[PDB]
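Everything on this sheet refers to the single structure shown next.
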Amino acid sequence: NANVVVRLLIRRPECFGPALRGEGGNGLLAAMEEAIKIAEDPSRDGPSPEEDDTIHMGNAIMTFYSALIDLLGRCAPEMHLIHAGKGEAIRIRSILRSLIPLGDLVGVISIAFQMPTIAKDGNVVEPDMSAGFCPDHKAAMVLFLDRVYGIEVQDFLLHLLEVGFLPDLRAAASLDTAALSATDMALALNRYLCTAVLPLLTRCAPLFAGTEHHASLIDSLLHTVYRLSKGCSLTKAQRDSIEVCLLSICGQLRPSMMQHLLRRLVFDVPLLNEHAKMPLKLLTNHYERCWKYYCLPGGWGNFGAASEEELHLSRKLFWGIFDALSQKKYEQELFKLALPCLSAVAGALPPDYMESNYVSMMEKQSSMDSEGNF
Amino acid sequence: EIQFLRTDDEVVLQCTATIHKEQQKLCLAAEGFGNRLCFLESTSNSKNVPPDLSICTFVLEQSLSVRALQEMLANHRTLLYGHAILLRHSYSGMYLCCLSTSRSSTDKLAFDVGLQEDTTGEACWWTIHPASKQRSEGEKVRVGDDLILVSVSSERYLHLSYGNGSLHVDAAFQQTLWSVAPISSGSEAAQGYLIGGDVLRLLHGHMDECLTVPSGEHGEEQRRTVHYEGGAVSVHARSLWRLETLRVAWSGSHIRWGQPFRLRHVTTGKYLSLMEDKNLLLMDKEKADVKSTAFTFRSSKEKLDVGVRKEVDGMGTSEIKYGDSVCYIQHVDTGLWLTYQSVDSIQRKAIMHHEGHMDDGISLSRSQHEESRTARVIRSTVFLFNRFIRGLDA
């Protein structure tokens with residue numbers, strides 16, 4: 001049913017919309033950008049003699065193009081057939097790639113959202129989602145991109161992250177405030193990230209191995225994901241997805257730059273709240289994978305050795321976890337799941353470790369901050 | 001009995017255009033060396049400008065069913081609608097294909113159509129489909145039909161692009177009707193006889209001088225005159241002439257006595273013509289018309305003209321034979337007979353005198369396919385390098 005639909009659509013090219021008819025077209029990115037201005041203008045968006053009374057034409061065009069791209073991406077053949085080398089599957093994917101450029105998809109993903117904002121009175125003025133650009137539009141873009149073009153280049157992965165993904169996670173982390181959490185835009189952005197953007201990064205976990213020189217972007221991604229995980233309004237399934245993605249990326253991640261998130265970990269874990277499950281699991285798996293980096297003086301030749309700053313942080317982590325766990329009341333899963341974490345930290349820690357006499361001075365006050373932690 | 005197109009036949013793909021409310025017939029053309037991309041060659045004004053069908057002829061290698069083509073890719077038959085066909089450029093020897101690269105001629109959903117060296121892959125293969133309900137899938141293809149060609153690789157139609165100011169050929173989702181004209185049939189071609197479109201040498205009655213232009217002394221205007229030389233000129237490429245008929249369809253047919261044709265110098269790409277002063281001088285394609293460039297072969301100098309015999313479709317009957325038949329060139333309109341002026345590397349000038357001399361007969365010899373290929377390559381490369389030198393000098 002997919003090959004037939006693709007063939008009928010290509011035989012009738014007018015079904016692709018004026019942007020993608022080819023003759024005198026402007027491209028999907030230009031069409032969405034023009035739909036932005038159409039949505040901004042009242043006269044072009046509405047009749048002018050909510051939705052039932054006034055169909056928002058900008059959103060209508062946006063949704064039409066998003067639905068077309070989504071349908072084509074779903075029509076894309078399964079990857080197992082391409083691995084088997086099936087000629088029809090290869091031909092169909094080639095046709096879809098010719099139909100839709102990758103640059104247009106990257107641009108549409110790069111298109112930014114308009115954040116909801118608080119007002120003078122203290123009321124959150126909420127932009128009408130049905131009027132403008134919605135996260136599902138980019139969710140369809142991502143589905144097409146990962147089902148047709150494929151995401152298999154490390155450089156392309158980093159480029160896509162920086163241009164389009166990381167800003168959305170940063171926006172979600174900024175909206176994660178309790179007053180602005182209830183906004184429908186926050187809910188839709190959470191759905192978009194947890195369904196399209198983040199599982200894509202989960203499936204792209206192995207590619208993250210060669211990210212040594214782009215330390216800043218991966219550190220920002222890690223920190224934004226952790227901040228999103230420390231969110232009140234996230235559902236149970238969304239929390240499961242974010243936990244799985246973060247633990248998948250951390251495992252493949254280089255051991256070096258993740259101490260920038262360990263520094264927040266040593267401050268958040270000893271609280272032993274319900275939010276601390278994913279953090280301590282991350283500590284467990286990371287320390288079990290990188291035990292010989294810490295204990296053995298040389299470590300892995302490619303990885304290197306500790307800077308003794310990470311050694312001090314792990315000492316603080318270990319002792320804080322031990323004290324909090326000792327004074328903590330007995331909870332079944334908490335002490336079932338903390339045993340591997342504490343044990344792995346102890347094993348990683350060198351027995352001969354000189355504790356540094358240098359205390360840290362003037363730490364990140366955002367880290368000591370807890371009411372928003374900024 | 002309507003004859004049917006069959007494999008191993010030479011055909012030209014022609015499409016009709018409607019620029020400013022007139023129908024002009026355009027044939028698909030390509031050039032082997034250099035530009036791989038195909039273009040269009042006009043055949044409507046054949047009386048004013050000669051058509052170059054040597055770069056428009058294609059051969060039907062194999063006609064296969066879609067499933068047979070799929071099985072072969074996984075690993076003389078009459079063409080049927082819906083079959084997969086292979087087209088090879090007769091001149092270049094490379095096959096038609098979808099280049100998978102676009103010139104960005106304002107059509108984002110389009111692919112350029114050109115020639116490809118290798119036959120592997122589905123880019124070279126094309127599927128022929130009926131134009132209207134008069135034909136049907138599985139039916140035999142008639143010599144006179146309109147065909148829409150769908151590339152197997154991209155499911156795109158062989159399309160004539162009106163969008164650009166210049167008419168182009170490309171693989172697009174819009175369909176353009178193509179009509180196939182049979183040029184020649186190899187199996188029905190009698191060996192040793194003259195066929196239309198043959199590169200050949202005019203050996204004069206002494207069997208040791210050829211009709212040729214002056215040597216390449218770098219004088220292009222000096223190259224224009226025509227005369228007789230003997231010796232190595234019979235082995236050089238400066239004495240090669242291609243016999244082009246005045247008809248587009250069935251151009252590769254046995255030439256009969258009295259049939260008009262045009263003689264083109266392969267090296268210089270210029271056509272033999274009779275000026276008003278009775279002196280032969282090579283003209284350019286732009287100003288080579290039927291009035292001056294038409295010539296015929298006569299069995300004897302006897303004055304009883306053959307009148308008018310209507311050209312017959314098919315390969316025809318073989319009359320003029322290579323190396324033994326004696327031919328006399330007569331200009332169609334003036335009626336003059338080609339002869340040697342005998343004014344005195346003989347360099348004996350050739351003029352046309354309606355009385356003529358007694359040993360005016362000329363024998364015919366075939367140039368090798370390698371020789372013709374090399375001569376055309378030399379002409380193309382000379383043109384390109386001269387353009388490059390002019391640009392560098394500017």
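Here, A, B, ... name the chains of the structure tokens in the order displayed, residue numbers run from 1 inside each chain, and ligands are numbered from 1 in the same displayed order.
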Check: which chain A residues lie within 8 Å of chain B using only C-alpha atoms, as a PDB file with C-alpha atoms, in the first residue's frame:
```pdb
ATOM      1  CA  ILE A  10       4.358  11.217  -8.105  1.00  0.00           C
ATOM      2  CA  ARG A  11       2.097  10.721 -11.139  1.00  0.00           C
ATOM      3  CA  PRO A  13       2.484  16.036  -8.605  1.00  0.00           C
ATOM      4  CA  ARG A  21       4.986  21.009  -7.369  1.00  0.00           C
ATOM      5  CA  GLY A  22       8.477  21.805  -8.707  1.00  0.00           C
ATOM      6  CA  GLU A  23       7.465  24.304 -11.393  1.00  0.00           C
ATOM      7  CA  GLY A  24       7.731  27.749  -9.829  1.00  0.00           C
ATOM      8  CA  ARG A  91      14.047   2.868  -5.531  1.00  0.00           C
ATOM      9  CA  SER A  94      15.599   7.295  -3.640  1.00  0.00           C
ATOM     10  CA  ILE A  95      12.356   8.755  -5.004  1.00  0.00           C
ATOM     11  CA  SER A  98      14.651  13.307  -4.541  1.00  0.00           C
ATOM     12  CA  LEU A  99      11.191  14.632  -3.660  1.00  0.00           C
TER      13      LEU A  99
END
```
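Using only C-alpha atoms, the contacts of residue 267 in chain B at a cut-off of 8 Å, with sequence neighbours closer than 2 positions omitted, comprise residues 237, 238, 240, 265, 269, 375, 376, 378 and 379 of chain B.
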Selection: 12 Å around range 317-322 of chain A, only C-alpha atoms, excl. self and same-chain fewer than 5 positions, as an mmCIF file with N, CA, C and O atoms, in the first residue's frame:
```cif
data_model
loop_
_atom_site.group_PDB
_atom_site.id
_atom_site.type_symbol
_atom_site.label_atom_id
_atom_site.label_comp_id
_atom_site.auth_asym_id
_atom_site.auth_seq_id
_atom_site.Cartn_x
_atom_site.Cartn_y
_atom_site.Cartn_z
ATOM 1 N N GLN A 259 31.948 14.831 33.761
ATOM 2 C CA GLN A 259 32.085 15.341 35.121
ATOM 3 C C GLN A 259 31.376 16.681 35.276
ATOM 4 O O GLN A 259 30.987 17.064 36.386
ATOM 5 N N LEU A 262 28.385 15.354 36.475
ATOM 6 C CA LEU A 262 28.643 14.773 37.791
ATOM 7 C C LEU A 262 28.646 15.833 38.885
ATOM 8 O O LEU A 262 28.306 15.534 40.034
ATOM 9 N N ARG A 263 29.057 17.059 38.563
ATOM 10 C CA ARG A 263 29.107 18.095 39.591
ATOM 11 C C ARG A 263 27.708 18.450 40.086
ATOM 12 O O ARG A 263 27.522 18.741 41.272
ATOM 13 N N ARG A 264 26.715 18.443 39.194
ATOM 14 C CA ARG A 264 25.332 18.595 39.635
ATOM 15 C C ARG A 264 24.818 17.316 40.280
ATOM 16 O O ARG A 264 23.951 17.366 41.163
ATOM 17 N N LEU A 265 25.331 16.170 39.835
ATOM 18 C CA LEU A 265 24.912 14.892 40.398
ATOM 19 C C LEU A 265 25.270 14.794 41.875
ATOM 20 O O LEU A 265 24.467 14.322 42.686
ATOM 21 N N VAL A 266 26.474 15.235 42.242
ATOM 22 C CA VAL A 266 26.904 15.130 43.635
ATOM 23 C C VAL A 266 26.087 16.051 44.528
ATOM 24 O O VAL A 266 26.025 15.850 45.746
ATOM 25 N N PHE A 267 25.461 17.077 43.952
ATOM 26 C CA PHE A 267 24.603 17.966 44.720
ATOM 27 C C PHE A 267 23.157 17.496 44.772
ATOM 28 O O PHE A 267 22.465 17.781 45.755
ATOM 29 N N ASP A 268 22.687 16.789 43.747
ATOM 30 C CA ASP A 268 21.293 16.361 43.674
ATOM 31 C C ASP A 268 21.038 14.982 44.259
ATOM 32 O O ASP A 268 19.993 14.764 44.876
ATOM 33 N N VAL A 269 21.965 14.042 44.070
ATOM 34 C CA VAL A 269 21.741 12.663 44.511
ATOM 35 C C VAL A 269 21.528 12.545 46.020
ATOM 36 O O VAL A 269 20.588 11.853 46.432
ATOM 37 N N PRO A 270 22.346 13.179 46.894
ATOM 38 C CA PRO A 270 22.200 12.932 48.338
ATOM 39 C C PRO A 270 20.827 13.273 48.892
ATOM 40 O O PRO A 270 20.480 12.847 49.998
ATOM 41 N N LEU A 271 20.038 14.045 48.143
ATOM 42 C CA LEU A 271 18.669 14.318 48.564
ATOM 43 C C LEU A 271 17.849 13.039 48.665
ATOM 44 O O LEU A 271 16.924 12.960 49.480
ATOM 45 N N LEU A 272 18.177 12.035 47.849
ATOM 46 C CA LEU A 272 17.502 10.736 47.870
ATOM 47 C C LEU A 272 16.000 10.882 47.647
ATOM 48 O O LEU A 272 15.188 10.154 48.223
ATOM 49 N N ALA A 276 15.790 10.890 42.118
ATOM 50 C CA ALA A 276 17.180 10.459 42.162
ATOM 51 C C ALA A 276 17.403 9.058 41.605
ATOM 52 O O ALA A 276 18.539 8.575 41.647
ATOM 53 N N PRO A 279 19.469 9.447 38.187
ATOM 54 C CA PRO A 279 20.841 9.866 38.506
ATOM 55 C C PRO A 279 21.700 8.744 39.053
ATOM 56 O O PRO A 279 22.807 8.524 38.551
ATOM 57 N N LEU A 280 21.211 8.005 40.048
ATOM 58 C CA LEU A 280 22.055 6.991 40.668
ATOM 59 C C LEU A 280 22.272 5.811 39.729
ATOM 60 O O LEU A 280 23.332 5.175 39.756
ATOM 61 N N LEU A 283 25.086 6.973 37.607
ATOM 62 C CA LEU A 283 26.341 6.808 38.332
ATOM 63 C C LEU A 283 26.790 5.357 38.351
ATOM 64 O O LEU A 283 27.969 5.082 38.104
ATOM 65 N N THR A 284 25.870 4.432 38.624
ATOM 66 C CA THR A 284 26.208 3.018 38.681
ATOM 67 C C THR A 284 26.821 2.549 37.373
ATOM 68 O O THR A 284 27.932 2.004 37.357
ATOM 69 N N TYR A 287 30.277 4.407 36.445
ATOM 70 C CA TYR A 287 31.417 3.958 37.232
ATOM 71 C C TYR A 287 31.772 2.506 36.957
ATOM 72 O O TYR A 287 32.961 2.171 36.924
ATOM 73 N N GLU A 310 38.039 15.353 39.490
ATOM 74 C CA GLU A 310 37.026 14.314 39.428
ATOM 75 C C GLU A 310 37.191 13.345 40.588
ATOM 76 O O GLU A 310 36.209 12.789 41.090
ATOM 77 N N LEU A 311 38.429 13.144 41.041
ATOM 78 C CA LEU A 311 38.665 12.285 42.194
ATOM 79 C C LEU A 311 38.058 12.888 43.456
ATOM 80 O O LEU A 311 37.388 12.194 44.232
ATOM 81 N N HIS A 312 38.257 14.190 43.665
ATOM 82 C CA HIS A 312 37.602 14.871 44.779
ATOM 83 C C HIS A 312 36.086 14.880 44.731
ATOM 84 O O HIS A 312 35.446 14.619 45.762
ATOM 85 N N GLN A 327 21.339 7.841 57.234
ATOM 86 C CA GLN A 327 20.286 8.503 58.001
ATOM 87 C C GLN A 327 18.910 8.344 57.365
ATOM 88 O O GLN A 327 17.917 8.776 57.960
ATOM 89 N N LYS A 328 18.825 7.741 56.182
ATOM 90 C CA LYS A 328 17.549 7.605 55.495
ATOM 91 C C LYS A 328 16.770 6.396 56.009
ATOM 92 O O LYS A 328 17.348 5.351 56.321
ATOM 93 N N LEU A 334 14.833 1.575 47.162
ATOM 94 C CA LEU A 334 15.910 2.549 47.324
ATOM 95 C C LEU A 334 17.204 1.870 47.758
ATOM 96 O O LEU A 334 18.255 2.070 47.140
ATOM 97 N N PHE A 335 17.150 1.059 48.820
ATOM 98 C CA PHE A 335 18.338 0.283 49.190
ATOM 99 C C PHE A 335 18.628 -0.917 48.295
ATOM 100 O O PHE A 335 19.758 -1.414 48.333
ATOM 101 N N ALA A 338 20.493 1.406 45.446
ATOM 102 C CA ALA A 338 21.640 2.203 45.856
ATOM 103 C C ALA A 338 22.878 1.361 46.135
ATOM 104 O O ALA A 338 23.995 1.876 46.022
ATOM 105 N N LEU A 339 22.705 0.092 46.507
ATOM 106 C CA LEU A 339 23.846 -0.789 46.743
ATOM 107 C C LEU A 339 24.800 -0.858 45.558
ATOM 108 O O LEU A 339 26.009 -0.656 45.761
ATOM 109 N N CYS A 341 25.228 1.363 43.200
ATOM 110 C CA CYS A 341 25.821 2.684 43.011
ATOM 111 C C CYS A 341 26.947 2.928 44.005
ATOM 112 O O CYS A 341 28.068 3.287 43.621
ATOM 113 N N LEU A 342 26.663 2.732 45.293
ATOM 114 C CA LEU A 342 27.666 2.962 46.322
ATOM 115 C C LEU A 342 28.851 2.025 46.141
ATOM 116 O O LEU A 342 30.010 2.448 46.255
ATOM 117 N N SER A 343 28.577 0.757 45.832
ATOM 118 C CA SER A 343 29.633 -0.225 45.624
ATOM 119 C C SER A 343 30.510 0.135 44.429
ATOM 120 O O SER A 343 31.737 0.014 44.493
ATOM 121 N N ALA A 344 29.897 0.571 43.326
ATOM 122 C CA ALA A 344 30.663 0.933 42.141
ATOM 123 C C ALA A 344 31.521 2.162 42.400
ATOM 124 O O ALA A 344 32.670 2.236 41.952
ATOM 125 N N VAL A 345 30.973 3.147 43.117
ATOM 126 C CA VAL A 345 31.769 4.322 43.462
ATOM 127 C C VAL A 345 32.960 3.917 44.322
ATOM 128 O O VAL A 345 34.090 4.371 44.098
ATOM 129 N N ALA A 346 32.728 3.050 45.312
ATOM 130 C CA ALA A 346 33.823 2.594 46.163
ATOM 131 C C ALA A 346 34.883 1.856 45.356
ATOM 132 O O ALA A 346 36.085 2.068 45.553
ATOM 133 N N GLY A 347 34.455 0.987 44.439
ATOM 134 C CA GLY A 347 35.413 0.252 43.627
ATOM 135 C C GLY A 347 36.217 1.157 42.714
ATOM 136 O O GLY A 347 37.424 0.966 42.542
ATOM 137 N N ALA A 348 35.561 2.149 42.112
ATOM 138 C CA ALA A 348 36.267 3.087 41.247
ATOM 139 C C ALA A 348 37.263 3.925 42.038
ATOM 140 O O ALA A 348 38.367 4.209 41.558
ATOM 141 N N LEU A 349 36.893 4.328 43.249
ATOM 142 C CA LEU A 349 37.763 5.178 44.047
ATOM 143 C C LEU A 349 39.051 4.443 44.403
ATOM 144 O O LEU A 349 38.995 3.336 44.959
#
```
For residue 328 in chain B, please output as a PyMOL selection string all residues within 7 Å (counting only C-alpha atoms; exclusion window: fewer than 3 positions along the same chain). chain B and resi 297-301+360-362
Mind listing the strand (DSSP E or B) residues of range 30-171 of chain A, per DSSP on the backbone, as a VMD selection string? chain A and resid 117 to 118 124 to 125
What does the file look like for those residues with N, CA and C atoms, as a PDB file, in the first residue's frame?
```
ATOM      1  N   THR A 117       4.804  33.475  27.814  1.00  0.00           N
ATOM      2  CA  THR A 117       5.432  34.389  28.754  1.00  0.00           C
ATOM      3  C   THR A 117       4.454  34.810  29.841  1.00  0.00           C
ATOM      4  N   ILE A 118       5.015  35.189  30.989  1.00  0.00           N
ATOM      5  CA  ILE A 118       4.254  35.731  32.106  1.00  0.00           C
ATOM      6  C   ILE A 118       3.960  37.197  31.811  1.00  0.00           C
ATOM      7  N   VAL A 124      -0.043  34.020  32.980  1.00  0.00           N
ATOM      8  CA  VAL A 124       0.709  33.534  31.827  1.00  0.00           C
ATOM      9  C   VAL A 124      -0.128  33.787  30.577  1.00  0.00           C
ATOM     10  N   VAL A 125       0.243  34.803  29.795  1.00  0.00           N
ATOM     11  CA  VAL A 125      -0.406  34.989  28.506  1.00  0.00           C
ATOM     12  C   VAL A 125       0.057  33.885  27.566  1.00  0.00           C
TER      13      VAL A 125
END
```
Applying 9 Å and only C-alpha atoms, which residues near residue 171 in chain A remain after dropping the ones on its own chain fewer than 4 positions away? List them as an MDAnalysis selection string. chainID A and resid 113 115 166:167 175:176 186 189
Close residues, range 70-84 of chain A itself excluded, 8 Å, only C-alpha atoms, min 3 positions apart in chain, as an mmCIF file with C-alpha atoms, in the first residue's frame:
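Saved as result_12.cif:
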```cif
data_model
loop_
_atom_site.group_PDB
_atom_site.id
_atom_site.type_symbol
_atom_site.label_atom_id
_atom_site.label_comp_id
_atom_site.auth_asym_id
_atom_site.auth_seq_id
_atom_site.Cartn_x
_atom_site.Cartn_y
_atom_site.Cartn_z
ATOM 1 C CA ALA A 2 3.002 2.336 0.314
ATOM 2 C CA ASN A 3 4.523 1.837 -3.139
ATOM 3 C CA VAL A 5 0.530 5.564 -2.865
ATOM 4 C CA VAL A 6 3.984 6.927 -3.696
ATOM 5 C CA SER A 66 3.570 18.413 7.883
ATOM 6 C CA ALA A 67 0.985 15.738 7.053
ATOM 7 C CA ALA A 89 12.766 -0.418 -1.403
ATOM 8 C CA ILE A 90 15.943 1.262 -2.649
ATOM 9 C CA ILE A 92 11.256 4.130 -3.267
ATOM 10 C CA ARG A 93 13.690 5.654 -0.783
ATOM 11 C CA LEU A 96 11.438 10.148 -1.584
ATOM 12 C CA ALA A 140 6.721 14.914 11.326
ATOM 13 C CA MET A 141 9.930 16.473 9.986
ATOM 14 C CA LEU A 143 10.096 11.155 11.378
ATOM 15 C CA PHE A 144 10.727 11.788 7.685
ATOM 16 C CA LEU A 145 14.384 12.580 8.317
ATOM 17 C CA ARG A 147 12.909 7.139 8.086
ATOM 18 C CA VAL A 148 14.045 8.337 4.652
#
```
DSSP-assigned alpha helix (DSSP H) members of range 218-315 of chain A, reported as a ChimeraX atom specification: /A:218-229,236-252,259-268,277-289,291-295,309-315
Shell of 12 Å around residue 27 in chain B, only C-alpha atoms, local chain residues under 6 positions omitted, as an MDAnalysis selection string: chainID B and resid 11:17 38:44 51:58 160 167:169 178:181 248:249
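For the pair CA of residue 132 in chain A and CA of residue 59 in chain A, the interatomic distance is 5.3 Å.
Separating CA of residue 170 in chain A from CA of residue 227 in chain A is a distance of 8.9 Å.
For the atom pair formed by CA of residue 195 in chain A and CA of residue 162 in chain A, the distance is 18.7 Å, given to one decimal.
Comparing the minimum interatomic distances between residue 247 in chain B and each of B:282, B:183, B:190, B:332, counting only C-alpha atoms, we find that B:183 sits nearest.
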